[PDB]
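A.B. asks: Got a structure for you, run05.cif, holding mmCIF, C-alpha atoms and all ligand atoms.
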```cif
data_work
loop_
_atom_site.label_atom_id
_atom_site.label_comp_id
_atom_site.auth_asym_id
_atom_site.auth_seq_id
_atom_site.Cartn_x
_atom_site.Cartn_y
_atom_site.Cartn_z
CA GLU D 4 51.66 81.22 11.53
CA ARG D 5 48.04 81.25 12.78
CA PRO D 6 45.54 83.39 10.78
CA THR D 7 43.25 85.98 12.41
CA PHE D 8 39.69 84.77 13.07
CA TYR D 9 36.44 86.76 13.10
CA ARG D 10 33.10 85.82 14.65
CA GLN D 11 29.64 85.80 13.08
CA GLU D 12 26.24 84.19 13.76
CA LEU D 13 24.85 82.00 10.98
CA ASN D 14 22.71 78.97 11.84
CA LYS D 15 21.79 80.02 15.39
CA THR D 16 25.46 79.41 16.19
CA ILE D 17 28.64 81.48 16.31
CA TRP D 18 30.90 80.68 13.36
CA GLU D 19 34.55 81.64 13.91
CA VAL D 20 36.54 81.50 10.66
CA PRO D 21 39.80 82.95 9.25
CA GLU D 22 39.61 86.42 7.64
CA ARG D 23 40.42 84.92 4.23
CA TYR D 24 36.83 83.57 4.09
CA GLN D 25 34.33 86.35 3.37
CA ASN D 26 30.62 86.78 2.58
CA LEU D 27 29.43 83.63 4.38
CA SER D 28 25.93 82.56 3.39
CA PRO D 29 23.91 79.46 4.46
CA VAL D 30 23.39 76.84 1.73
CA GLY D 31 21.76 74.17 3.91
CA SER D 32 22.54 70.97 5.74
CA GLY D 33 25.50 68.69 5.18
CA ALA D 34 26.42 65.46 6.95
CA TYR D 35 26.67 66.12 10.71
CA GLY D 36 26.65 69.92 10.33
CA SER D 37 25.42 72.92 8.37
CA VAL D 38 27.11 74.32 5.28
CA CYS D 39 27.85 77.93 4.26
CA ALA D 40 28.98 79.29 0.89
CA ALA D 41 31.94 81.71 1.06
CA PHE D 42 34.54 83.56 -0.98
CA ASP D 43 38.11 82.45 -0.32
CA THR D 44 40.10 85.67 -0.80
CA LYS D 45 43.40 83.74 -0.90
CA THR D 46 42.51 81.55 -3.89
CA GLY D 47 39.63 83.46 -5.53
CA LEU D 48 37.45 80.34 -5.25
CA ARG D 49 33.89 80.05 -4.05
CA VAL D 50 34.03 77.47 -1.28
CA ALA D 51 31.68 75.41 0.90
CA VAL D 52 32.35 75.61 4.63
CA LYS D 53 30.85 72.97 6.92
CA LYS D 54 30.90 73.52 10.67
CA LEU D 55 30.57 70.17 12.43
CA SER D 56 27.85 70.30 15.09
CA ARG D 57 29.15 69.06 18.48
CA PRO D 58 31.96 66.95 16.98
CA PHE D 59 33.11 65.58 20.36
CA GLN D 60 29.97 65.21 22.50
CA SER D 61 30.09 61.38 22.49
CA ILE D 62 32.39 58.49 21.46
CA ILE D 63 30.13 58.02 18.42
CA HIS D 64 30.44 61.71 17.46
CA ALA D 65 34.19 61.90 18.14
CA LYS D 66 34.92 58.80 16.07
CA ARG D 67 32.75 60.00 13.17
CA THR D 68 34.49 63.37 13.27
CA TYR D 69 37.83 61.59 12.98
CA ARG D 70 36.35 59.33 10.27
CA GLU D 71 35.16 62.24 8.10
CA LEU D 72 38.44 64.17 8.40
CA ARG D 73 40.53 61.09 7.52
CA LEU D 74 38.30 60.45 4.50
CA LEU D 75 38.45 64.05 3.31
CA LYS D 76 42.23 64.30 3.78
CA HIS D 77 42.81 61.13 1.75
CA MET D 78 40.53 61.70 -1.27
CA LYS D 79 42.30 63.42 -4.15
CA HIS D 80 40.23 62.91 -7.30
CA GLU D 81 38.39 65.18 -9.79
CA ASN D 82 35.02 63.46 -9.20
CA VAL D 83 35.28 63.13 -5.43
CA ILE D 84 34.80 66.00 -2.98
CA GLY D 85 38.19 67.18 -1.73
CA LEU D 86 39.56 69.07 1.26
CA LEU D 87 40.75 72.60 0.49
CA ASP D 88 41.12 73.53 4.16
CA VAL D 89 40.28 72.40 7.67
CA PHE D 90 40.52 74.79 10.60
CA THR D 91 39.80 75.33 14.27
CA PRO D 92 39.87 78.64 16.21
CA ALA D 93 41.44 76.64 19.09
CA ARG D 94 45.08 77.44 19.87
CA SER D 95 45.67 74.18 21.77
CA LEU D 96 44.26 70.66 22.19
CA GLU D 97 42.56 71.60 25.49
CA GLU D 98 40.68 74.48 23.80
CA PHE D 99 39.88 72.30 20.76
CA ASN D 100 36.11 71.94 20.37
CA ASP D 101 35.01 72.94 16.84
CA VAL D 102 35.95 71.58 13.40
CA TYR D 103 35.35 73.40 10.10
CA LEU D 104 35.77 71.73 6.71
CA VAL D 105 36.30 73.64 3.46
CA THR D 106 35.67 72.22 -0.02
CA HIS D 107 34.87 73.54 -3.48
CA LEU D 108 31.41 75.07 -3.80
CA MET D 109 29.32 73.31 -6.44
CA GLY D 110 26.46 75.04 -8.26
CA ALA D 111 23.77 72.39 -7.73
CA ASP D 112 22.99 68.74 -7.11
CA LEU D 113 21.72 66.15 -9.58
CA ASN D 114 18.11 66.61 -8.39
CA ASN D 115 18.24 70.23 -9.59
CA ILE D 116 19.34 69.03 -13.04
CA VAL D 117 16.72 66.25 -13.39
CA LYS D 118 13.67 68.48 -12.64
CA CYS D 119 10.92 66.04 -13.79
CA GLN D 120 12.45 65.96 -17.30
CA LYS D 121 14.56 63.57 -19.38
CA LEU D 122 18.19 64.37 -20.25
CA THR D 123 19.98 63.73 -23.58
CA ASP D 124 21.90 60.47 -23.97
CA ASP D 125 25.30 62.23 -24.17
CA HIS D 126 24.60 64.16 -20.96
CA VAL D 127 23.62 60.88 -19.25
CA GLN D 128 26.85 59.34 -20.62
CA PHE D 129 29.02 62.13 -19.22
CA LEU D 130 27.32 62.28 -15.82
CA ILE D 131 27.28 58.53 -15.15
CA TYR D 132 30.87 58.18 -16.46
CA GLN D 133 32.03 60.71 -13.85
CA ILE D 134 30.12 58.97 -11.04
CA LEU D 135 31.74 55.63 -11.95
CA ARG D 136 35.18 57.24 -12.31
CA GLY D 137 34.76 58.72 -8.82
CA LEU D 138 33.41 55.41 -7.46
CA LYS D 139 36.29 53.43 -8.96
CA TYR D 140 38.66 55.68 -6.95
CA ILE D 141 36.63 55.56 -3.73
CA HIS D 142 36.17 51.77 -3.94
CA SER D 143 39.90 51.27 -4.62
CA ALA D 144 40.49 52.71 -1.14
CA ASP D 145 38.07 50.10 0.31
CA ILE D 146 35.58 52.85 1.08
CA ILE D 147 31.88 52.44 0.29
CA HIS D 148 29.32 55.19 -0.13
CA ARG D 149 26.30 53.10 1.04
CA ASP D 150 23.92 56.06 0.52
CA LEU D 151 24.53 57.35 -3.01
CA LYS D 152 21.69 59.51 -4.36
CA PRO D 153 21.10 62.57 -6.61
CA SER D 154 21.28 64.88 -3.58
CA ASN D 155 24.93 63.94 -2.86
CA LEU D 156 26.05 64.26 -6.47
CA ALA D 157 27.13 67.88 -6.90
CA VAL D 158 27.55 69.43 -10.32
CA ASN D 159 28.76 72.73 -11.76
CA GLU D 160 27.45 74.66 -14.81
CA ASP D 161 29.48 72.60 -17.30
CA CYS D 162 28.29 69.26 -15.82
CA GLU D 163 31.51 68.47 -13.96
CA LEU D 164 30.51 66.25 -11.06
CA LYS D 165 31.79 65.45 -7.58
CA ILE D 166 30.58 62.79 -5.15
CA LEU D 167 29.80 63.91 -1.57
CA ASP D 168 29.00 62.18 1.74
CA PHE D 169 30.71 58.80 1.11
CA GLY D 170 32.06 56.52 3.85
CA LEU D 171 29.79 57.79 6.62
CA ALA D 172 26.57 55.73 6.45
CA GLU D 178 13.79 58.86 8.01
CA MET D 179 14.11 55.77 5.78
CA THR D 180 10.35 55.39 6.21
CA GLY D 181 7.62 55.97 3.64
CA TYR D 182 7.58 57.63 0.24
CA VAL D 183 11.07 59.15 0.45
CA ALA D 184 14.09 59.62 -1.83
CA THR D 185 16.25 58.52 1.11
CA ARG D 186 15.46 54.85 0.38
CA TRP D 187 14.66 54.85 -3.37
CA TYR D 188 18.31 54.36 -4.44
CA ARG D 189 19.33 51.73 -1.87
CA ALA D 190 20.34 48.20 -2.85
CA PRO D 191 17.75 45.71 -1.54
CA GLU D 192 20.43 43.72 0.35
CA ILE D 193 21.04 46.74 2.62
CA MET D 194 17.46 48.04 2.65
CA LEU D 195 16.32 44.76 4.22
CA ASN D 196 19.62 43.78 5.91
CA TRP D 197 20.09 40.53 3.98
CA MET D 198 23.80 40.03 4.64
CA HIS D 199 27.24 41.61 4.90
CA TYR D 200 27.20 43.92 1.86
CA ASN D 201 29.97 44.69 -0.64
CA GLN D 202 30.97 47.74 -2.71
CA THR D 203 28.46 47.05 -5.48
CA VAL D 204 25.67 48.37 -3.24
CA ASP D 205 26.82 51.66 -4.77
CA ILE D 206 26.48 50.26 -8.31
CA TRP D 207 22.81 49.48 -7.61
CA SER D 208 22.42 53.16 -6.69
CA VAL D 209 24.16 54.25 -9.91
CA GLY D 210 21.72 52.09 -11.89
CA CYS D 211 18.76 53.74 -10.11
CA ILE D 212 20.19 57.20 -10.82
CA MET D 213 21.01 56.41 -14.48
CA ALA D 214 17.47 55.12 -15.12
CA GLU D 215 16.08 58.33 -13.58
CA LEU D 216 18.26 60.59 -15.78
CA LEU D 217 17.16 58.54 -18.81
CA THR D 218 13.41 58.67 -18.06
CA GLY D 219 13.08 61.73 -15.82
CA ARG D 220 11.28 59.50 -13.28
CA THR D 221 12.26 57.64 -10.11
CA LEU D 222 12.93 54.00 -10.96
CA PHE D 223 11.71 52.46 -7.68
CA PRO D 224 9.54 55.06 -5.89
CA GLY D 225 8.40 52.72 -3.09
CA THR D 226 5.94 54.03 -0.48
CA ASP D 227 7.71 51.84 2.12
CA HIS D 228 10.28 49.02 2.40
CA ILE D 229 7.88 46.28 1.27
CA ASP D 230 6.32 48.29 -1.57
CA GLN D 231 9.82 49.18 -2.81
CA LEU D 232 10.97 45.55 -2.71
CA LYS D 233 7.92 44.50 -4.75
CA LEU D 234 8.67 47.23 -7.32
CA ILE D 235 12.26 46.01 -7.50
CA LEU D 236 11.40 42.30 -7.88
CA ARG D 237 8.77 43.04 -10.50
CA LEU D 238 11.64 44.44 -12.61
CA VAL D 239 14.61 42.17 -11.84
CA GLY D 240 12.63 39.05 -10.90
CA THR D 241 12.45 37.11 -7.63
CA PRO D 242 15.74 35.68 -6.31
CA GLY D 243 16.94 32.24 -7.40
CA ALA D 244 18.03 29.44 -5.07
CA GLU D 245 21.67 30.51 -5.35
CA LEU D 246 21.07 34.04 -4.01
CA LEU D 247 18.64 32.68 -1.40
CA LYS D 248 21.46 30.62 0.18
CA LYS D 249 23.59 33.79 0.36
CA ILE D 250 20.95 35.66 2.39
CA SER D 251 22.58 35.10 5.79
CA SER D 252 19.60 36.58 7.63
CA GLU D 253 17.30 33.59 8.15
CA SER D 254 14.42 36.01 8.84
CA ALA D 255 14.96 37.98 5.63
CA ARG D 256 15.36 34.79 3.56
CA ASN D 257 12.13 33.29 4.94
CA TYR D 258 10.12 36.37 3.94
CA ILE D 259 11.71 36.38 0.46
CA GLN D 260 10.72 32.74 -0.23
CA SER D 261 7.09 33.52 0.70
CA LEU D 262 6.72 35.78 -2.35
CA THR D 263 5.16 34.57 -5.60
CA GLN D 264 7.94 33.98 -8.13
CA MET D 265 8.31 36.49 -10.96
CA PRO D 266 10.60 36.46 -13.99
CA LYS D 267 12.96 39.30 -14.88
CA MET D 268 11.19 41.79 -17.17
CA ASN D 269 12.45 42.92 -20.57
CA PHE D 270 14.51 46.11 -19.97
CA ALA D 271 13.98 47.16 -23.62
CA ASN D 272 10.23 47.18 -22.90
CA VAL D 273 10.81 49.14 -19.69
CA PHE D 274 13.17 51.80 -21.14
CA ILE D 275 11.60 52.46 -24.55
CA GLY D 276 13.69 54.58 -26.93
CA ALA D 277 16.81 54.39 -24.76
CA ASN D 278 20.24 53.68 -26.24
CA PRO D 279 20.53 49.84 -26.40
CA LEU D 280 23.98 50.16 -24.79
CA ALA D 281 22.45 52.05 -21.84
CA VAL D 282 19.85 49.28 -21.52
CA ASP D 283 22.63 46.66 -21.59
CA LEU D 284 24.62 48.47 -18.87
CA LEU D 285 21.47 48.89 -16.74
CA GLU D 286 20.85 45.12 -16.90
CA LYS D 287 24.38 44.58 -15.56
CA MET D 288 24.03 47.16 -12.76
CA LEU D 289 20.53 46.21 -11.56
CA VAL D 290 21.35 42.63 -10.63
CA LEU D 291 19.85 41.27 -7.40
CA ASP D 292 22.91 39.18 -6.48
CA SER D 293 25.58 41.66 -5.38
CA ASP D 294 28.31 39.09 -6.20
CA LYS D 295 27.28 39.24 -9.87
CA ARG D 296 26.74 43.01 -10.22
CA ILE D 297 29.11 44.90 -12.57
CA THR D 298 31.87 46.81 -10.71
CA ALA D 299 32.81 50.48 -11.28
CA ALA D 300 36.10 49.49 -12.96
CA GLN D 301 34.24 47.04 -15.22
CA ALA D 302 31.45 49.56 -15.96
CA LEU D 303 33.92 52.20 -17.19
CA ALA D 304 35.04 49.75 -19.89
CA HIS D 305 31.45 49.22 -21.10
CA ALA D 306 30.73 50.27 -24.70
CA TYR D 307 28.24 52.89 -23.44
CA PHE D 308 31.16 55.11 -22.38
CA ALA D 309 33.33 54.67 -25.51
CA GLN D 310 33.70 58.43 -26.13
CA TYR D 311 34.82 59.18 -22.55
CA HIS D 312 36.65 56.04 -21.40
CA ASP D 313 40.39 56.45 -20.98
CA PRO D 314 42.14 53.57 -19.13
CA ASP D 315 45.16 55.82 -18.42
CA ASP D 316 42.98 58.60 -16.93
CA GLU D 317 40.89 56.67 -14.40
CA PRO D 318 43.19 56.56 -11.37
CA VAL D 319 42.97 54.53 -8.17
CA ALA D 320 43.59 55.74 -4.61
CA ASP D 321 46.74 55.43 -2.49
CA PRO D 322 46.53 52.87 0.35
CA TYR D 323 44.03 54.02 2.99
CA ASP D 324 44.65 52.90 6.58
CA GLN D 325 41.32 52.50 8.33
CA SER D 326 42.48 50.19 11.13
CA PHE D 327 41.00 52.85 13.44
CA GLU D 328 37.53 51.56 12.53
CA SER D 329 38.01 48.46 14.70
CA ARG D 330 39.65 50.43 17.52
CA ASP D 331 37.97 51.23 20.85
CA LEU D 332 39.06 54.62 22.22
CA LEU D 333 37.89 57.31 24.65
CA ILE D 334 36.50 60.69 23.51
CA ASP D 335 39.76 62.50 24.39
CA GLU D 336 41.72 59.90 22.41
CA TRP D 337 39.56 60.36 19.28
CA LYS D 338 39.71 64.12 19.86
CA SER D 339 43.53 64.14 20.01
CA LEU D 340 43.84 62.00 16.87
CA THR D 341 41.54 64.49 15.13
CA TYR D 342 43.64 67.43 16.35
CA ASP D 343 46.85 65.86 14.97
CA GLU D 344 45.14 65.54 11.56
CA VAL D 345 43.94 69.18 11.57
CA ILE D 346 47.41 70.50 12.53
CA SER D 347 49.26 68.41 9.93
CA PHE D 348 46.95 69.39 7.05
CA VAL D 349 48.62 70.69 3.87
CA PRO D 350 46.43 72.51 1.29
CA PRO D 351 46.26 71.18 -2.30
CA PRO D 352 48.21 73.04 -5.04
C1 LIG J 401 31.52 71.14 3.02
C2 LIG J 401 31.53 69.64 2.90
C3 LIG J 401 32.41 68.90 3.70
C4 LIG J 401 32.46 67.51 3.62
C5 LIG J 401 31.61 66.85 2.73
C6 LIG J 401 31.60 65.35 2.60
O1 LIG J 401 31.20 64.91 1.53
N1 LIG J 401 32.03 64.56 3.60
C7 LIG J 401 32.02 63.09 3.53
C8 LIG J 401 33.36 62.57 4.04
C9 LIG J 401 33.09 62.65 2.54
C10 LIG J 401 30.72 67.58 1.94
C11 LIG J 401 30.68 68.97 2.01
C12 LIG J 401 29.72 69.71 1.13
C13 LIG J 401 30.19 70.41 0.01
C14 LIG J 401 29.29 71.09 -0.82
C15 LIG J 401 29.73 71.79 -1.94
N2 LIG J 401 28.84 72.44 -2.72
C16 LIG J 401 27.52 72.41 -2.42
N3 LIG J 401 26.62 73.07 -3.21
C17 LIG J 401 25.20 73.01 -2.91
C18 LIG J 401 24.57 74.21 -3.62
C19 LIG J 401 23.04 74.08 -3.58
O2 LIG J 401 22.66 72.85 -4.21
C20 LIG J 401 23.16 71.69 -3.55
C21 LIG J 401 24.69 71.72 -3.54
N4 LIG J 401 27.07 71.73 -1.33
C22 LIG J 401 27.93 71.07 -0.53
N5 LIG J 401 27.44 70.37 0.59
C23 LIG J 401 26.00 70.36 0.88
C24 LIG J 401 28.35 69.68 1.42
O3 LIG J 401 27.91 69.06 2.42
#
```
Would you encode the structure as structure tokens?
C.D. replies:
Amino acid sequence: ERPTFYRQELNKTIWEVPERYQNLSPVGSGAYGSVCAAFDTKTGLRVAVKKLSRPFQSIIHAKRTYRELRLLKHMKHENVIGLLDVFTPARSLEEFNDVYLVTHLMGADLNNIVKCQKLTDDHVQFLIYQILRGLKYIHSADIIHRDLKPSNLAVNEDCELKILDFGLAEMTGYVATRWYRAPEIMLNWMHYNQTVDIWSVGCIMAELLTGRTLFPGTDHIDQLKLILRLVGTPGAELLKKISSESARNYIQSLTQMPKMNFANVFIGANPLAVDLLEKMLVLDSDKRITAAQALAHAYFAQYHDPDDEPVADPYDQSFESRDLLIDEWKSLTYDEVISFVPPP
């Protein structure tokens, strides 16, 4: 049966949630809505509750609401944010207007852990291993993050990590919103594959190893120059693959530079970490190491377990190429809310 709801004002909005969720407290923004910490009295867990802001105001909003819910309902992995609950105060489809999403509450994000300082090699091993384990799973479902960064890697006290905000994607200037992006998507070179996320992992791993942003560009061009100084200018082979004639033409105009020595860039770092970095930070996305391949790298020998790195069940995203009206997206969303079954 339907739980009893109570009303409360939180982020200049009235949150209506089941009684089981108590002591709601703002913890900031999430993707397409604000997030509150809460105590789930039924499970004894601290949870994160995101209220989607105007989930059905446009076709774009309605489709993205459906998109997020489908993603959350599918993902069942230790290193990937999962859905504990989804609710609406609405008693019917015609009343249906608000969507709330409930996940585990994590203690911090990876930015909070970095704090201008280096981390130990074993801690870097454990953190990056978990990211790649989570990415292997996500990528196996043909889902791409596209915007992986320290702020969407959530970690608890004992360094257990979950990936947030995948499958959904202010890019101007000296900002962490662009520092982790693969150049092929930063400058719209081509149709981009899953290893855009592996570029991001490389950027994050370097930062955990040095305590410093790898490519802190002040803008798109400055960031590209920082990147190419490290990995070298593209060869003829990659140039052909740049389907954007405009992007390719600009690239060829640049003075050619050789790849730098990563051992001279990351002094004192584990030679295996350096090796893995060289395989992640490859300009040609076709040649970049994959998550599955990275997990088998010698750098993760003490964590790697081929029988404990699962892939996802088939994920039907045929809806992505479907044109529908707001009410049609809204009804599909409602069906998904109603049919939800909580995890064990
Ligand atoms: C509530 C929720 C629902 C959906 C998704 C999501 O990832 N959707 C795309 C489709 C996959 C993410 C969340 C989510 C969880 C969350 C958990 N803990 C914490 N803890 C915070 C403490 C303070 O430090 C930063 C982390 N912040 C969080 N945030 C911000 C969130 O957005």
A.B. asks: Determine, counting all atoms listed in the file, which protein, DNA and RNA residues have an atom within 6 Å of an atom of stretch 68-78 of chain D; residues of the same chain fewer than 6 positions away are not included. Present the result as a PyMOL selection string.
C.D. replies: chain D and resi 58+85-86+341
A.B. asks: Could you name the residues that touch residue D:231 at 10 Å or less, counting all atoms listed in the file, but leaving out those on the same chain fewer than 3 positions away, as a list in words?
C.D. replies: residues 181, 182, 186, 187, 189, 191, 194, 222, 223, 224, 225, 226, 227, 228, 234, 235, 236 and 237 of chain D
A.B. asks: Can you work out which one of D:163, D:192, D:112, D:215 has the shortest atom-to-atom distance to ligand LIG 401 (chain J), counting all atoms listed in the file?
C.D. replies: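 So, comparing all the options, the nearest one is D:112.
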A.B. asks: If you count all atoms listed in the file, which residues fall within 12 Å of residue D:271, apart from same-chain ones fewer than 4 positions away, as a compact mmCIF listing (two decimals) with C-alpha atoms, keeping the file's coordinate frame?
C.D. replies:
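After the write, result.txt holds the following:
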```txt
# COMPACT_ATOMS: atom_id res chain seq x y z
CA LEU D 238 11.64 44.44 -12.61
CA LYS D 267 12.96 39.30 -14.88
CA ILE D 275 11.60 52.46 -24.55
CA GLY D 276 13.69 54.58 -26.93
CA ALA D 277 16.81 54.39 -24.76
CA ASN D 278 20.24 53.68 -26.24
CA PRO D 279 20.53 49.84 -26.40
CA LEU D 280 23.98 50.16 -24.79
CA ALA D 281 22.45 52.05 -21.84
CA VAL D 282 19.85 49.28 -21.52
CA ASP D 283 22.63 46.66 -21.59
CA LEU D 284 24.62 48.47 -18.87
CA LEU D 285 21.47 48.89 -16.74
CA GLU D 286 20.85 45.12 -16.90
```
A.B. asks: For ligand LIG 401 (chain J), which of D:141, D:117, D:102, D:167 is the closest residue, counting only C-alpha atoms and all ligand atoms?
C.D. replies: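 The shortest atom-to-atom distance to ligand LIG 401 (chain J) comes from D:167.
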A.B. asks: Between D:349, D:89, D:171, D:108, single out the one closest to residue D:28, counting all atoms listed in the file.
C.D. replies: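 Looking at the shortest contact to residue D:28, the residue is D:108.
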A.B. asks: Within 8 Å of ligand LIG 401 (chain J), counting only C-alpha atoms and all ligand atoms: which residues, as a VMD selection string?
C.D. replies: chain D and resid 30 to 34 37 to 40 50 to 53 70 to 72 74 to 75 84 to 86 104 to 112 115 154 to 155 157 to 158 166 to 171
A.B. asks: Which residue gives the smallest distance to residue D:300 among D:135, D:93, D:346, D:216, with all atoms listed in the file counted?
C.D. replies: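 Checking each candidate against residue D:300, we get D:135 as the closest.
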A.B. asks: Which residues come within 8 Å of residue D:290, counting all atoms listed in the file, excluding same-chain residues fewer than 5 positions away, as number ranges by chain?
C.D. replies: D: 207, 239, 295-296
A.B. asks: To one decimal in Å, tell me the separation between atom CA of residue D:162 and atom CA of residue D:130.
C.D. replies: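 Between atom CA of residue D:162 and atom CA of residue D:130 the gap is 7.0 Å.
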A.B. asks: Near residue D:196, counting all atoms listed in the file, which residues have an atom at most 10 Å away, once you skip same-chain residues fewer than 6 positions from it, shown as number ranges by chain?
C.D. replies: D: 190, 250-252, 254-255
A.B. asks: For residue D:103, which of D:26, D:120, D:91, D:263 is the closest residue, counting all atoms listed in the file?
C.D. replies: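 Closest to residue D:103, using all atoms listed in the file: D:91.
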A.B. asks: Which protein, DNA or RNA residues are at most 9 Å from (44.3, 56.6, -7.6) in the file's coordinates when you count all atoms listed in the file, listed as a PyMOL selection string?
C.D. replies: chain D and resi 78-80+139-141+143-144+317-321
